[PDB]
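S.K.: Please find work_36.json (JSON, C-alpha atoms) on the next line:
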```
[["chain", "number", "residue", "atom", "x", "y", "z"],
["A", 75, "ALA", "CA", -62.96, 4.72, 6.43],
["A", 76, "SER", "CA", -62.97, 2.33, 3.46],
["A", 77, "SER", "CA", -65.32, 1.80, 0.53],
["A", 78, "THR", "CA", -67.25, -1.39, -0.20],
["A", 79, "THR", "CA", -66.23, -1.42, -3.87],
["A", 80, "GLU", "CA", -62.77, -2.67, -4.81],
["A", 81, "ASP", "CA", -62.34, -1.21, -8.31],
["A", 82, "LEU", "CA", -62.27, 2.37, -6.97],
["A", 83, "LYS", "CA", -60.65, 3.26, -3.66],
["A", 84, "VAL", "CA", -60.84, 6.24, -1.32],
["A", 85, "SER", "CA", -58.33, 7.58, 1.21],
["A", 86, "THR", "CA", -59.57, 9.73, 4.09],
["A", 87, "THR", "CA", -57.41, 12.43, 5.64],
["A", 88, "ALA", "CA", -57.97, 14.07, 9.01],
["A", 89, "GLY", "CA", -60.43, 16.94, 9.31],
["A", 90, "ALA", "CA", -63.16, 15.22, 7.28],
["A", 91, "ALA", "CA", -66.54, 14.20, 8.66],
["A", 92, "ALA", "CA", -68.37, 10.87, 8.50],
["A", 93, "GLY", "CA", -71.22, 10.18, 6.10],
["A", 94, "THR", "CA", -72.37, 7.85, 3.38],
["A", 95, "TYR", "CA", -72.55, 8.92, -0.26],
["A", 96, "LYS", "CA", -73.23, 7.18, -3.57],
["A", 97, "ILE", "CA", -71.26, 8.12, -6.69],
["A", 98, "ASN", "CA", -71.75, 7.36, -10.38],
["A", 99, "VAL", "CA", -69.20, 7.60, -13.19],
["A", 100, "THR", "CA", -70.48, 7.52, -16.77],
["A", 101, "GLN", "CA", -67.23, 7.82, -18.75],
["A", 102, "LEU", "CA", -63.85, 6.73, -17.41],
["A", 103, "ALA", "CA", -61.29, 9.49, -16.98],
["A", 104, "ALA", "CA", -59.41, 10.19, -20.21],
["A", 105, "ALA", "CA", -55.98, 11.80, -20.49],
["A", 106, "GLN", "CA", -55.21, 14.01, -23.48],
["A", 107, "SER", "CA", -52.18, 12.84, -25.47],
["A", 108, "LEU", "CA", -50.13, 14.66, -28.12],
["A", 109, "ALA", "CA", -47.93, 12.78, -30.60],
["A", 110, "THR", "CA", -45.17, 14.27, -32.75],
["A", 111, "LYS", "CA", -44.55, 13.26, -36.37],
["A", 112, "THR", "CA", -40.84, 12.41, -36.19],
["A", 113, "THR", "CA", -40.94, 9.63, -38.80],
["A", 114, "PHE", "CA", -37.33, 9.36, -39.93],
["A", 115, "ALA", "CA", -35.86, 6.22, -41.46],
["A", 116, "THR", "CA", -32.65, 6.52, -39.42],
["A", 117, "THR", "CA", -32.69, 8.30, -36.05],
["A", 118, "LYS", "CA", -29.02, 7.48, -35.40],
["A", 119, "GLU", "CA", -28.06, 10.68, -37.23],
["A", 120, "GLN", "CA", -27.80, 13.72, -34.98],
["A", 121, "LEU", "CA", -31.24, 15.30, -34.61],
["A", 122, "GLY", "CA", -29.78, 18.79, -34.15],
["A", 123, "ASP", "CA", -26.87, 20.29, -36.05],
["A", 124, "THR", "CA", -23.61, 21.13, -34.30],
["A", 125, "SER", "CA", -23.73, 24.72, -35.59],
["A", 126, "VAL", "CA", -26.57, 25.63, -33.22],
["A", 127, "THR", "CA", -25.13, 26.52, -29.82],
["A", 128, "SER", "CA", -28.43, 25.82, -28.03],
["B", 183, "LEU", "CA", -45.22, 14.67, -26.49],
["B", 184, "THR", "CA", -47.26, 14.66, -23.27],
["B", 185, "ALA", "CA", -46.28, 17.14, -20.57],
["B", 186, "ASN", "CA", -49.47, 16.62, -18.55],
["B", 187, "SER", "CA", -53.17, 15.89, -19.01],
["B", 188, "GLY", "CA", -56.16, 18.17, -19.26],
["B", 189, "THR", "CA", -57.74, 20.62, -21.68],
["B", 190, "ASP", "CA", -57.31, 23.33, -19.03],
["B", 191, "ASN", "CA", -53.53, 23.16, -19.54],
["B", 192, "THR", "CA", -53.22, 23.89, -23.26],
["B", 193, "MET", "CA", -49.67, 23.32, -24.48],
["B", 194, "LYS", "CA", -48.23, 25.52, -27.25],
["B", 195, "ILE", "CA", -44.77, 24.42, -28.40],
["B", 196, "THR", "CA", -42.71, 26.23, -31.05],
["B", 197, "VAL", "CA", -39.09, 26.62, -32.14],
["B", 198, "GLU", "CA", -37.39, 29.99, -32.54],
["B", 199, "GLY", "CA", -34.68, 28.55, -34.78],
["B", 200, "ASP", "CA", -33.40, 25.05, -35.50],
["B", 201, "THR", "CA", -31.81, 23.14, -38.37],
["B", 202, "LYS", "CA", -34.53, 20.48, -38.49],
["B", 203, "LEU", "CA", -36.63, 20.93, -35.34],
["B", 204, "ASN", "CA", -37.97, 24.31, -36.52],
["B", 205, "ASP", "CA", -40.47, 22.75, -38.92],
["B", 206, "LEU", "CA", -40.91, 19.67, -36.72],
["B", 207, "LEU", "CA", -42.41, 21.48, -33.72],
["B", 208, "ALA", "CA", -44.80, 23.85, -35.55],
["B", 209, "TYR", "CA", -48.35, 22.77, -34.67],
["B", 210, "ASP", "CA", -51.43, 24.05, -32.83],
["B", 211, "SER", "CA", -53.39, 21.70, -30.58],
["B", 212, "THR", "CA", -56.37, 24.08, -30.48],
["B", 213, "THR", "CA", -57.26, 23.51, -34.14],
["B", 214, "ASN", "CA", -56.89, 19.70, -33.70],
["B", 215, "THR", "CA", -55.62, 19.57, -37.30],
["B", 216, "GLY", "CA", -51.94, 19.75, -38.17],
["B", 217, "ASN", "CA", -48.78, 18.02, -39.30],
["B", 218, "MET", "CA", -48.49, 15.78, -36.21],
["B", 219, "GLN", "CA", -50.59, 12.65, -35.72],
["B", 220, "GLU", "CA", -52.82, 12.20, -32.67],
["B", 221, "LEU", "CA", -52.76, 9.13, -30.45],
["B", 222, "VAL", "CA", -55.51, 10.22, -28.03],
["B", 223, "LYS", "CA", -57.86, 13.00, -29.07],
["B", 224, "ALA", "CA", -59.07, 15.64, -26.63],
["B", 225, "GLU", "CA", -61.42, 13.82, -24.25],
["B", 226, "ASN", "CA", -62.86, 14.89, -20.92],
["B", 227, "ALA", "CA", -63.92, 13.14, -17.73],
["B", 228, "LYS", "CA", -67.65, 12.56, -17.34],
["B", 229, "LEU", "CA", -69.68, 11.79, -14.21],
["B", 230, "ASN", "CA", -73.15, 12.22, -12.71],
["B", 231, "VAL", "CA", -73.43, 13.50, -9.13],
["B", 232, "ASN", "CA", -76.10, 15.53, -7.31],
["B", 233, "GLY", "CA", -78.46, 14.37, -10.04],
["B", 234, "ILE", "CA", -76.44, 16.53, -12.44],
["B", 235, "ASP", "CA", -74.07, 15.52, -15.25],
["B", 236, "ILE", "CA", -70.56, 16.98, -15.42],
["B", 237, "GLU", "CA", -68.28, 16.78, -18.47],
["B", 238, "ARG", "CA", -65.40, 18.75, -16.93],
["B", 239, "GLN", "CA", -61.94, 17.51, -17.83],
["B", 240, "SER", "CA", -60.07, 17.32, -14.53],
["B", 241, "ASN", "CA", -59.46, 13.77, -13.33],
["B", 242, "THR", "CA", -58.21, 14.21, -9.77],
["B", 243, "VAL", "CA", -59.95, 16.79, -7.57],
["B", 244, "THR", "CA", -59.21, 17.48, -3.90],
["B", 245, "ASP", "CA", -60.54, 21.02, -3.36],
["B", 246, "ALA", "CA", -64.30, 20.33, -3.23],
["B", 247, "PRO", "CA", -64.02, 16.94, -1.43],
["B", 248, "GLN", "CA", -62.21, 18.57, 1.53],
["B", 249, "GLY", "CA", -60.63, 15.46, 3.02],
["B", 250, "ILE", "CA", -61.05, 12.47, 0.68],
["B", 251, "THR", "CA", -58.85, 11.35, -2.21],
["B", 252, "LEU", "CA", -60.36, 9.08, -4.88],
["B", 253, "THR", "CA", -58.17, 6.68, -6.87],
["B", 254, "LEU", "CA", -59.76, 4.99, -9.89],
["B", 255, "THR", "CA", -58.40, 2.16, -12.03],
["B", 256, "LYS", "CA", -61.57, 0.76, -13.64],
["B", 257, "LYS", "CA", -65.08, 1.99, -14.36],
["B", 258, "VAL", "CA", -67.55, 1.69, -11.49],
["B", 259, "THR", "CA", -71.34, 1.79, -11.18],
["B", 260, "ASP", "CA", -73.28, 3.59, -8.41],
["B", 261, "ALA", "CA", -70.59, 2.85, -5.84],
["B", 262, "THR", "CA", -71.71, 3.59, -2.27],
["B", 263, "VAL", "CA", -69.08, 4.68, 0.26],
["B", 264, "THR", "CA", -69.98, 4.80, 3.95],
["B", 265, "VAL", "CA", -67.62, 6.76, 6.20],
["B", 266, "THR", "CA", -67.31, 5.62, 9.83],
["B", 267, "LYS", "CA", -65.58, 7.57, 12.59],
["B", 268, "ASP", "CA", -62.42, 5.99, 14.03],
["B", 269, "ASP", "CA", -61.40, 6.69, 17.64],
["B", 270, "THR", "CA", -58.84, 3.97, 18.44],
["B", 271, "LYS", "CA", -55.96, 6.22, 17.36],
["B", 272, "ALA", "CA", -57.00, 8.73, 20.01],
["B", 273, "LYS", "CA", -57.20, 5.73, 22.40],
["B", 274, "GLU", "CA", -53.58, 4.62, 21.69],
["B", 275, "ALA", "CA", -52.37, 8.27, 21.84],
["B", 276, "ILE", "CA", -54.09, 8.61, 25.27],
["B", 277, "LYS", "CA", -52.51, 5.27, 26.35],
["B", 278, "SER", "CA", -49.01, 6.53, 25.37],
["B", 279, "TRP", "CA", -49.78, 9.86, 27.14],
["B", 280, "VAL", "CA", -50.83, 8.08, 30.40],
["B", 281, "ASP", "CA", -47.77, 5.75, 30.05],
["B", 282, "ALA", "CA", -45.52, 8.85, 29.90],
["B", 283, "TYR", "CA", -46.99, 9.93, 33.28],
["B", 284, "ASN", "CA", -46.64, 6.42, 34.76],
["B", 285, "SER", "CA", -42.99, 6.31, 33.70],
["B", 286, "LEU", "CA", -42.44, 9.77, 35.19],
["B", 287, "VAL", "CA", -43.96, 8.70, 38.51],
["B", 288, "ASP", "CA", -41.88, 5.51, 38.48],
["B", 289, "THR", "CA", -38.73, 7.55, 37.84],
["C", 129, "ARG", "CA", -77.37, 31.77, 15.15],
["C", 130, "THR", "CA", -80.89, 30.47, 15.84],
["C", 131, "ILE", "CA", -81.71, 27.14, 14.17],
["C", 132, "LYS", "CA", -84.40, 24.77, 15.45],
["C", 133, "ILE", "CA", -84.63, 21.33, 13.82],
["C", 134, "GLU", "CA", -87.43, 19.00, 14.92],
["C", 135, "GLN", "CA", -88.59, 15.49, 14.03],
["C", 136, "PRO", "CA", -91.55, 13.51, 15.42],
["C", 137, "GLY", "CA", -89.19, 10.66, 16.23],
["C", 138, "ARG", "CA", -87.24, 12.55, 18.90],
["C", 139, "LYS", "CA", -89.19, 14.36, 21.61],
["C", 140, "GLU", "CA", -86.41, 16.88, 22.24],
["C", 141, "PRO", "CA", -85.85, 19.35, 19.37],
["C", 142, "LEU", "CA", -82.30, 20.17, 18.28],
["C", 143, "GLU", "CA", -81.14, 23.76, 18.82],
["C", 144, "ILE", "CA", -77.65, 25.25, 18.77],
["C", 145, "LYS", "CA", -76.21, 28.13, 20.80],
["C", 146, "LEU", "CA", -73.30, 29.19, 18.60],
["C", 147, "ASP", "CA", -71.60, 32.19, 20.19],
["C", 148, "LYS", "CA", -70.21, 35.38, 18.68],
["C", 149, "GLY", "CA", -66.88, 35.16, 16.89],
["C", 150, "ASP", "CA", -67.34, 31.46, 16.03],
["C", 151, "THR", "CA", -69.37, 31.79, 12.83],
["C", 152, "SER", "CA", -66.87, 30.13, 10.48],
["C", 153, "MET", "CA", -67.88, 27.02, 8.55],
["C", 154, "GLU", "CA", -65.30, 24.86, 10.32],
["C", 155, "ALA", "CA", -66.49, 26.46, 13.56],
["C", 156, "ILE", "CA", -70.01, 25.30, 12.66],
["C", 157, "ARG", "CA", -68.72, 21.77, 12.08],
["C", 158, "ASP", "CA", -66.88, 21.86, 15.42],
["C", 159, "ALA", "CA", -70.04, 23.04, 17.19],
["C", 160, "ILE", "CA", -72.05, 20.26, 15.52],
["C", 161, "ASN", "CA", -69.48, 17.69, 16.65],
["C", 162, "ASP", "CA", -69.44, 19.07, 20.21],
["C", 163, "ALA", "CA", -73.25, 19.00, 20.37],
["C", 164, "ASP", "CA", -73.26, 15.30, 19.34],
["C", 165, "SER", "CA", -76.09, 16.24, 16.98],
["C", 166, "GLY", "CA", -77.87, 13.51, 15.07],
["C", 167, "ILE", "CA", -77.57, 15.65, 11.94],
["C", 168, "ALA", "CA", -74.42, 14.71, 10.05],
["C", 169, "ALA", "CA", -72.50, 16.28, 7.18],
["C", 170, "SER", "CA", -71.58, 13.71, 4.53],
["C", 171, "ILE", "CA", -68.91, 14.27, 1.89],
["C", 172, "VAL", "CA", -70.52, 15.18, -1.44],
["C", 173, "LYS", "CA", -68.16, 15.97, -4.34],
["C", 174, "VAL", "CA", -69.55, 17.84, -7.32],
["C", 175, "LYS", "CA", -66.54, 19.69, -8.85],
["C", 176, "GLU", "CA", -63.94, 22.32, -8.05],
["C", 177, "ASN", "CA", -64.84, 25.92, -7.14],
["C", 178, "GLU", "CA", -68.18, 24.89, -5.62],
["C", 179, "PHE", "CA", -69.28, 25.00, -1.97],
["C", 180, "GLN", "CA", -72.16, 22.79, -0.84],
["C", 181, "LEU", "CA", -74.04, 21.88, 2.34],
["C", 182, "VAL", "CA", -75.86, 18.72, 3.42],
["C", 183, "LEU", "CA", -78.24, 18.26, 6.37],
["C", 184, "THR", "CA", -79.62, 14.71, 6.60],
["C", 185, "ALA", "CA", -79.86, 13.03, 10.00],
["C", 186, "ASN", "CA", -82.32, 10.33, 8.89],
["C", 187, "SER", "CA", -84.97, 9.60, 6.26],
["C", 188, "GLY", "CA", -88.60, 8.57, 6.17],
["C", 189, "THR", "CA", -92.08, 9.95, 6.74],
["C", 190, "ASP", "CA", -91.87, 8.99, 10.42],
["C", 191, "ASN", "CA", -88.78, 11.21, 10.77],
["C", 192, "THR", "CA", -89.76, 14.44, 9.02],
["C", 193, "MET", "CA", -87.39, 17.39, 9.29],
["C", 194, "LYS", "CA", -88.93, 20.72, 10.31],
["C", 195, "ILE", "CA", -86.21, 23.38, 10.16],
["C", 196, "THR", "CA", -86.92, 26.90, 11.41],
["C", 197, "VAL", "CA", -84.98, 30.07, 12.20],
["C", 198, "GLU", "CA", -86.19, 32.53, 14.82],
["C", 199, "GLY", "CA", -84.31, 35.45, 13.28],
["C", 200, "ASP", "CA", -81.31, 35.82, 10.97],
["C", 201, "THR", "CA", -80.13, 38.31, 8.37],
["C", 202, "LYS", "CA", -79.35, 35.67, 5.74],
["C", 203, "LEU", "CA", -79.97, 32.21, 7.20],
["C", 204, "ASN", "CA", -83.73, 32.66, 7.70],
["C", 205, "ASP", "CA", -84.34, 32.68, 3.93],
["C", 206, "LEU", "CA", -81.64, 30.08, 3.26],
["C", 207, "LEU", "CA", -83.14, 27.52, 5.66],
["C", 208, "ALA", "CA", -86.72, 27.71, 4.33],
["C", 209, "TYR", "CA", -87.51, 24.21, 3.07],
["C", 210, "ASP", "CA", -90.43, 21.77, 3.04],
["C", 211, "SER", "CA", -89.96, 18.07, 2.32],
["C", 212, "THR", "CA", -93.66, 17.50, 1.59],
["C", 213, "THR", "CA", -93.73, 19.91, -1.36],
["C", 214, "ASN", "CA", -90.79, 18.07, -3.05],
["C", 215, "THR", "CA", -89.98, 21.33, -4.89],
["C", 216, "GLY", "CA", -87.73, 24.01, -3.42],
["C", 217, "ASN", "CA", -84.34, 25.67, -3.37],
["C", 218, "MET", "CA", -82.90, 22.62, -1.58],
["C", 219, "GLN", "CA", -81.29, 20.21, -4.03],
["C", 220, "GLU", "CA", -81.31, 16.44, -3.58],
["C", 221, "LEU", "CA", -79.43, 13.34, -4.70],
["C", 222, "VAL", "CA", -82.48, 11.04, -4.84],
["C", 223, "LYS", "CA", -86.11, 11.80, -4.04],
["C", 224, "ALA", "CA", -87.58, 10.90, -0.66],
["C", 225, "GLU", "CA", -86.91, 7.18, -0.31],
["C", 226, "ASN", "CA", -86.08, 4.65, 2.38],
["C", 227, "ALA", "CA", -84.79, 1.11, 2.72],
["C", 228, "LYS", "CA", -86.91, -1.56, 1.04],
["C", 229, "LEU", "CA", -86.82, -5.30, 1.71],
["C", 230, "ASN", "CA", -89.03, -8.39, 1.69],
["C", 231, "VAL", "CA", -89.33, -10.80, 4.63],
["C", 232, "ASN", "CA", -92.10, -13.22, 5.66],
["C", 233, "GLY", "CA", -93.59, -12.75, 2.21],
["C", 234, "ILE", "CA", -94.24, -9.10, 3.12],
["C", 235, "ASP", "CA", -92.59, -5.97, 1.72],
["D", 344, "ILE", "CA", -63.01, 10.25, 30.65],
["D", 345, "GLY", "CA", -61.73, 7.86, 33.32],
["D", 346, "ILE", "CA", -58.09, 8.85, 33.93],
["D", 347, "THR", "CA", -57.56, 7.80, 37.55],
["D", 348, "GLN", "CA", -54.34, 8.15, 39.53],
["D", 349, "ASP", "CA", -53.19, 5.32, 41.79],
["D", 350, "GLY", "CA", -54.41, 5.17, 45.37],
["D", 351, "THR", "CA", -50.96, 5.50, 46.96],
["D", 352, "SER", "CA", -48.85, 6.86, 44.07],
["D", 353, "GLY", "CA", -49.05, 8.86, 40.86],
["D", 354, "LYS", "CA", -49.43, 5.95, 38.44],
["D", 355, "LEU", "CA", -52.57, 6.43, 36.36],
["D", 356, "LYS", "CA", -54.65, 3.32, 37.10],
["D", 357, "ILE", "CA", -56.46, 3.82, 33.82],
["D", 358, "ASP", "CA", -59.79, 2.03, 33.47],
["D", 359, "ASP", "CA", -59.53, 0.56, 29.98],
["D", 360, "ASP", "CA", -63.21, -0.30, 29.55],
["D", 361, "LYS", "CA", -64.34, 3.01, 31.07],
["D", 362, "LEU", "CA", -62.00, 5.07, 28.88],
["D", 363, "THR", "CA", -63.08, 3.08, 25.82],
["D", 364, "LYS", "CA", -66.80, 3.44, 26.52],
["D", 365, "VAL", "CA", -66.41, 7.17, 27.16],
["D", 366, "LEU", "CA", -64.45, 7.78, 23.97],
["D", 367, "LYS", "CA", -66.99, 5.82, 21.92],
["D", 368, "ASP", "CA", -69.64, 7.92, 23.70],
["D", 369, "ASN", "CA", -68.07, 11.20, 22.59],
["D", 370, "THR", "CA", -64.65, 12.41, 21.50],
["D", 371, "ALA", "CA", -65.76, 16.05, 21.70],
["D", 372, "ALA", "CA", -65.45, 15.98, 25.49],
["D", 373, "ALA", "CA", -61.83, 14.89, 25.08],
["D", 374, "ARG", "CA", -61.27, 17.63, 22.48],
["D", 375, "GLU", "CA", -62.65, 20.33, 24.78],
["D", 376, "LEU", "CA", -61.19, 18.90, 27.99],
["D", 377, "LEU", "CA", -57.40, 19.27, 27.73],
["D", 378, "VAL", "CA", -56.86, 20.85, 24.30],
["D", 379, "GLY", "CA", -59.17, 23.75, 25.09],
["D", 380, "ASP", "CA", -58.71, 26.65, 22.70],
["D", 381, "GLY", "CA", -55.43, 25.16, 21.47],
["D", 382, "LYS", "CA", -53.67, 28.53, 21.23],
["D", 383, "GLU", "CA", -52.71, 29.14, 24.87],
["D", 384, "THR", "CA", -55.08, 27.07, 27.01],
["D", 385, "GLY", "CA", -54.11, 23.46, 27.57],
["D", 386, "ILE", "CA", -51.75, 21.29, 29.60],
["D", 387, "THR", "CA", -49.24, 20.91, 26.77],
["D", 388, "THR", "CA", -48.85, 24.66, 26.29],
["D", 389, "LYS", "CA", -48.08, 25.43, 29.94],
["D", 390, "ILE", "CA", -45.81, 22.39, 30.32],
["D", 391, "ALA", "CA", -43.83, 23.39, 27.23],
["D", 392, "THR", "CA", -43.58, 27.03, 28.35],
["D", 393, "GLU", "CA", -42.38, 26.08, 31.83],
["D", 394, "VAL", "CA", -39.85, 23.59, 30.41],
["D", 395, "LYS", "CA", -38.51, 26.29, 28.09],
["D", 396, "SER", "CA", -38.21, 28.48, 31.19],
["D", 397, "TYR", "CA", -36.37, 25.70, 33.04]]
```
Do you think you could lay out the structure here as structure tokens?

M.R.:
Amino acid sequence: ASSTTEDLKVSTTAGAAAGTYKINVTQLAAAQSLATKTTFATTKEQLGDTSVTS
Amino acid sequence: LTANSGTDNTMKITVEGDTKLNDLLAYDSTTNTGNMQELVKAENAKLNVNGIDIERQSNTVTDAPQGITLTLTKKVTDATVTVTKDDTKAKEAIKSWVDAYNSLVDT
Amino acid sequence: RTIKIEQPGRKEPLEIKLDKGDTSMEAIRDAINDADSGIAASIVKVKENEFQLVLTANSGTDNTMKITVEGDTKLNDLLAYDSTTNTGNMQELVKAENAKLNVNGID
Amino acid sequence: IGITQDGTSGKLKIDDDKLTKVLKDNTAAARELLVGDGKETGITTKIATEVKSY
């Protein structure tokens, strides 16, 4: 089946039953993000040294 | 540096030994304070179902629903979804099945 | 399993004759589907690691749901519920409510 | 269901409206009719077994 609303969509797989249900979302889903402080003036220089084998 | 999303999957990255990367990668996400800047702080999904509020982090869930997948792009309000049984696919499958017999009899 | 569900709307009460060895949850859904029962199981998502049950064929004071169990080790206590009291072990999305409209200047 | 063989031959003179009205009446009869248990009972199981024998 399909939902009346267009902003959020649902996809039904086999094995599910039929029935109406009303949903509420208070806060939109948020994805955690981690940033690294790699502020170098010139990144063209080799980040790792050639001495390290790995 | 984003491997995935979710507070359940806490990511701890270190360096055993490096010329420059050793000091670069030393940081703990649990303390939320460290050398590296944060673009998006730790935030969790929030919803209200069964008359009960849930702040749990996970965005996509398919275990509890047991046969529905929800894709969200924008915030929604009290969206009502009515599920209706479809039987035309069984109809076409039966029609192909009867056609197989008709072809067999013709042969 | 002995479950008797009655409403004033339908003269014939609903009763199931689930046989031994077919007590699984999916077996219960299959039996419900085979019986063509008015009671339907709608998809209600709370969160992961939670199992839930719904039993709502209709709504309204005209169609009141009287659910009884003749005898069961566990289901007799689980199925005890009164809609009139509005307080019980049976959780709800919204309180007892029906459709509401206005036509001919009358609600 | 409404699966009817031809009067003089084996062609299934299927009644489209009858089959449609029956399947909108109930699909459970179709589920329990030919599928059966699904493990061993059923037309498909015996046909496949006999073809593997052949």

S.K.: Per residue of chain B within 9 Å of chain D, what are the shortest atom pair and its distance in Å to one decimal, counting all atoms listed in the file, with rows by chain and residue number, as CSV?

M.R.:
```
residue,atom,partner,partner_atom,distance
B:269,CA,D:367,CA,7.1
B:270,CA,D:363,CA,8.6
B:272,CA,D:366,CA,8.5
B:273,CA,D:363,CA,7.3
B:277,CA,D:357,CA,8.6
B:280,CA,D:355,CA,6.4
B:281,CA,D:355,CA,8.0
B:283,CA,D:354,CA,7.0
B:284,CA,D:354,CA,4.6
B:285,CA,D:354,CA,8.0
B:286,CA,D:354,CA,8.6
B:287,CA,D:353,CA,5.6
B:288,CA,D:354,CA,7.6
```

S.K.: Keeping only C-alpha atoms, write those residues as a PDB file, keeping the file's coordinate frame.

M.R.:
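Saved to again14.pdb:
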```
ATOM      1  CA  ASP B 269     -61.400   6.690  17.640  1.00  0.00           C
ATOM      2  CA  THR B 270     -58.840   3.970  18.440  1.00  0.00           C
ATOM      3  CA  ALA B 272     -57.000   8.730  20.010  1.00  0.00           C
ATOM      4  CA  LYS B 273     -57.200   5.730  22.400  1.00  0.00           C
ATOM      5  CA  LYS B 277     -52.510   5.270  26.350  1.00  0.00           C
ATOM      6  CA  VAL B 280     -50.830   8.080  30.400  1.00  0.00           C
ATOM      7  CA  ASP B 281     -47.770   5.750  30.050  1.00  0.00           C
ATOM      8  CA  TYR B 283     -46.990   9.930  33.280  1.00  0.00           C
ATOM      9  CA  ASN B 284     -46.640   6.420  34.760  1.00  0.00           C
ATOM     10  CA  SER B 285     -42.990   6.310  33.700  1.00  0.00           C
ATOM     11  CA  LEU B 286     -42.440   9.770  35.190  1.00  0.00           C
ATOM     12  CA  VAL B 287     -43.960   8.700  38.510  1.00  0.00           C
ATOM     13  CA  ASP B 288     -41.880   5.510  38.480  1.00  0.00           C
TER      14      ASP B 288
END
```

S.K.: CA of residue 213 (chain B) and CA of residue 176 (chain C), how far apart in Å?

M.R.: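 These two atoms are separated by 27.0 Å.
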
S.K.: Can you tell me, as a list in words, what residues are no more than 12 Å from residue 216 (chain C) when counting all atoms listed in the file, ignoring any on the same chain fewer than 6 positions away?

M.R.: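 Counting all atoms listed in the file, the residues come to residues 205, 206, 207, 208, 209 and 210 of chain C.
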
S.K.: Excluding region 229-234 of chain B and any residue of its chain fewer than 2 positions from it, enumerate the residues within 9 Å of it, using only C-alpha atoms, and give them as a PyMOL selection string.

M.R.: (chain A and resi 96-102) or (chain B and resi 227+236-238) or (chain C and resi 172-174+219-222)

S.K.: Go ahead and dump the residues you just picked, C-alpha atoms, as a JSON list (two decimals), in the frame of the given file.

M.R.:
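Output file out03.json is given in full below:
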```json
[["chain", "number", "residue", "atom", "x", "y", "z"],
["A", 96, "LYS", "CA", -73.23, 7.18, -3.57],
["A", 97, "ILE", "CA", -71.26, 8.12, -6.69],
["A", 98, "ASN", "CA", -71.75, 7.36, -10.38],
["A", 99, "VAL", "CA", -69.20, 7.60, -13.19],
["A", 100, "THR", "CA", -70.48, 7.52, -16.77],
["A", 101, "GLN", "CA", -67.23, 7.82, -18.75],
["A", 102, "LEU", "CA", -63.85, 6.73, -17.41],
["B", 227, "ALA", "CA", -63.92, 13.14, -17.73],
["B", 236, "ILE", "CA", -70.56, 16.98, -15.42],
["B", 237, "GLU", "CA", -68.28, 16.78, -18.47],
["B", 238, "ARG", "CA", -65.40, 18.75, -16.93],
["C", 172, "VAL", "CA", -70.52, 15.18, -1.44],
["C", 173, "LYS", "CA", -68.16, 15.97, -4.34],
["C", 174, "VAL", "CA", -69.55, 17.84, -7.32],
["C", 219, "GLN", "CA", -81.29, 20.21, -4.03],
["C", 220, "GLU", "CA", -81.31, 16.44, -3.58],
["C", 221, "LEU", "CA", -79.43, 13.34, -4.70],
["C", 222, "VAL", "CA", -82.48, 11.04, -4.84]]
```

S.K.: Please determine the contact residues of chain C with respect to chain A at a cut-off of 7 Å, counting only C-alpha atoms, and supply them as a list in words.

M.R.: residues 168, 169, 170, 171 and 172 of chain C

S.K.: Up to 9 Å from (-62.6, 4.8, 5.8) in the file's coordinates: name the residues, counting all atoms listed in the file, as a list in words.

M.R.: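 Selection result: residues 75, 76, 77, 84, 85, 86 and 92 of chain A; 263, 264, 265, 266, 267 and 268 of chain B.
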
S.K.: One decimal, in Å: what's the spacing between CA of residue 224 (chain C) and CA of residue 159 (chain C)?

M.R.: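 Taking CA of residue 224 (chain C) as the start and CA of residue 159 (chain C) as the end point, the length is 27.8 Å.
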
S.K.: Which of these residues is nearest to chain B, using all atoms listed in the file: C:177, C:211, C:201, C:130?

M.R.: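 Going through C:177, C:211, C:201, C:130 one by one, the smallest distance to chain B is for C:177.
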
S.K.: May I have the residues of chain B within 9 Å of chain A, counting only C-alpha atoms, written as a PyMOL selection string?

M.R.: chain B and resi 183-189+199-203+206-207+211+217-232+235+239-241+247-268

S.K.: What is the CA of residue 213 (chain C) to CA of residue 192 (chain C) distance in Å?

M.R.: 12.4 Å

S.K.: With 10 Å as the limit and counting all atoms listed in the file, what residues in chain C lie close to chain D? Please list them as a PDB file with C-alpha atoms, keeping the file's coordinate frame.

M.R.:
```
ATOM      1  CA  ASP C 158     -66.880  21.860  15.420  1.00  0.00           C
ATOM      2  CA  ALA C 159     -70.040  23.040  17.190  1.00  0.00           C
ATOM      3  CA  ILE C 160     -72.050  20.260  15.520  1.00  0.00           C
ATOM      4  CA  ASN C 161     -69.480  17.690  16.650  1.00  0.00           C
ATOM      5  CA  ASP C 162     -69.440  19.070  20.210  1.00  0.00           C
ATOM      6  CA  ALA C 163     -73.250  19.000  20.370  1.00  0.00           C
ATOM      7  CA  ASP C 164     -73.260  15.300  19.340  1.00  0.00           C
TER       8      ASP C 164
END
```

S.K.: Using only C-alpha atoms, which residue out of D:381, D:391, D:345, D:351 lies closest to residue 365 (chain D)?

M.R.: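 Closest to residue 365 (chain D) of all the choices is D:345.
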
S.K.: With only C-alpha atoms as the atoms that count, which of B:208, B:246, B:193, B:282 lies nearest to chain C?

M.R.: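 Looking only at the distances to chain C, the closest residue turns out to be B:246.
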
S.K.: So, with only C-alpha atoms as the atoms that count, which of B:192, B:215, B:274, B:243 lies closest to chain C?

M.R.: B:243

S.K.: So which one's closest to residue 377 (chain D), B:276, B:271, B:204, B:195? Using only C-alpha atoms, please.

M.R.: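 Of B:276, B:271, B:204, B:195, the one nearest residue 377 (chain D) is B:276, counting only C-alpha atoms.
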